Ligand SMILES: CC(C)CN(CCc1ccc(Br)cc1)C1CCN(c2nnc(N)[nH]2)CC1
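One chain comes next, on its own, written out as C-alpha cells in the form deposited without the ligand.
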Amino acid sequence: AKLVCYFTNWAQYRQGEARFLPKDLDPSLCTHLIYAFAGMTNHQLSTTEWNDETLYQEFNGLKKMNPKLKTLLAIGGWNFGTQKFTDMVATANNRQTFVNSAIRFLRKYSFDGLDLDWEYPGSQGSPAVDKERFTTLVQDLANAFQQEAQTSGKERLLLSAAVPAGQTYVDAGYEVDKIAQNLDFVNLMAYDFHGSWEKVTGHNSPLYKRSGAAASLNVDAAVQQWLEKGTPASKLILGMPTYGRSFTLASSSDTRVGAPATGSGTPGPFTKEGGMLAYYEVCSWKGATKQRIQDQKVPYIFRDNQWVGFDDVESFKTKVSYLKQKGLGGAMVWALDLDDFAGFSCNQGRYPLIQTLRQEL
C-alpha cells in the first residue's frame, strides 16, 4: 500500500506553532511525499518561493534516513491557473522544453518524479483541445522518463497526477483509460464535495451519499467513476483531507446538514481562509457539539452560528477500510500541515490523522 502526502510550501508562513517547514516532516510516516507547488517560467519548471532550493534539499535529504521514501514535485495548483499549461502543451517543441527542463530540474534537486496538478485541463478557462494534449503531455513525459532511465543509471522518474472527482471535470479533460497507462499512480482528490461556495451546509468529504447528480458528490461516487473508466484499482490512491469546510449558519438554531448558510465560515486563526479549517483548529473546540452523519460516515461540529464538516480519526479508519475493500493502491493526504503535525493542539500526539492512515494501511 501507498501513503501519499502533500507537503505545502506556503505553510511555512503560518504563525506560531502552525508554521510548517521540512523539519516538521516525519520521514517514515508516508511512503511518498509530494511537494506543492512548482511553477513555470518560459515553459520550464521553476520555483515559486524564495527558499524552494533550500527546502527541496532538506525535503529530499530525508531519503538519507529512509532510502525507501519516494519524493515527487507537484506542478500547478489552483492559484497557478491553466493558461501556462495550455501554452506549454500547445506545440511539441515547447513540451520538449518543459520535459527536458523537468528532467534536469528533478535530477538537480534529487526528486524521484513529477505530480501533475493541472487544475484543470479542458476546463475553467482551458480550451477543449487541452484534453487530448494533456494525455500527450503525460505520454511524452512517461516516454522521456523511460529513455532518461538508461542514460542516467538511476531509477525511472515517477509520474503521477492529482485529479478531480466530479463527472463534469473528468469528461472535460481526462481520457482516463489512456492516461492511466502512463501514470504510475492517480491521486484522487476525494474531498471539497461541499463547501462555503454553497448556500447550504454540506460535508467536505462524505464516504457515501445522504438523488440526481447530487448523489454523486461523495467518495464512493468518485472512486467508482475512476475505476469504471479504466483506472486499475492498484493505481487509484484515495485522497483524504486533514481539514474541514466551514459555514456560517443563517440561524444558530437549525444545525442540520442541508441547513441554510449565509456564507463561508469564520477564517481559522491559523489558516486564515474562510470556508476551510485545519484539523488542529477543530479537534479541540471548547463548548461545541460534535455529531456524526450516519449515511456519510463522517462527522461535523457546530458552535453558535459556526458549522464545520471535517474528518477525524474515526472517519479515516472507515475510509481506509473502504479503500481496502475496493482494492485501491493506497491513501493520499492533503495536507501534512493541516493535521496536528506537532501534537500542539489536539492532545493526540504528532500526526493524529496521518499516523492513523499509516497504522491501518
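Sequential numbering from 1, following the sequence displayed.
One more form of this protein should be noted, the form deposited with the ligand bound, which is absent from this view; the next part is about it.
Asks: Which residue, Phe316, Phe302, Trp334, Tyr56, has a heavy atom that falls within 4.5 Å of the ligand in the entry with it bound?
Replies: After the contact test, the surviving option is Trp334.
Asks: Considering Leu114, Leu238, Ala278, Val89, which brings a non-hydrogen atom within 4.5 Å of the ligand in the entry with it bound?
Replies: Exactly one residue meets the criterion: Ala278.
Asks: Answer with yes or no whether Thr135 is in contact with the ligand in the entry with it bound, where contact means some heavy atom within 4.5 Å.
Replies: Answer no; every heavy atom of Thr135 is more than 4.5 Å from the ligand in the entry with it bound.
Asks: At the 4.5 Å heavy atom threshold, is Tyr191 in contact with the ligand in the entry with it bound?
Replies: Yes, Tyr191 sits close enough to the ligand in the entry with it bound that at least one of its heavy atoms falls within 4.5 Å.
Asks: Would you check, heavy atoms only and a 4.5 Å threshold, whether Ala162 touches the ligand in the entry with it bound?
Replies: Judged by the heavy-atom cut-off of 4.5 Å, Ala162 is in contact with the ligand in the entry with it bound.
Asks: Would you please decide whether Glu148 lies within 4.5 angstroms of the ligand in the entry with it bound, comparing each non-hydrogen atom pair?
Replies: Residue-level check for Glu148: no, no contact with the ligand.
Asks: Can you tell me which of 172 to 180, 285 to 293, 268 to 276, 100 to 108 lies within 4.5 Å of the ligand in the entry with it bound, counting heavy atoms only?
Replies: Comparing against the ligand in the entry with it bound, the contact stretch is 268 to 276.
Asks: Within 119 to 144, which residues come within 4.5 Å of the ligand in the entry with it bound, counting heavy atoms only?
Replies: Contacting residue: only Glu119.
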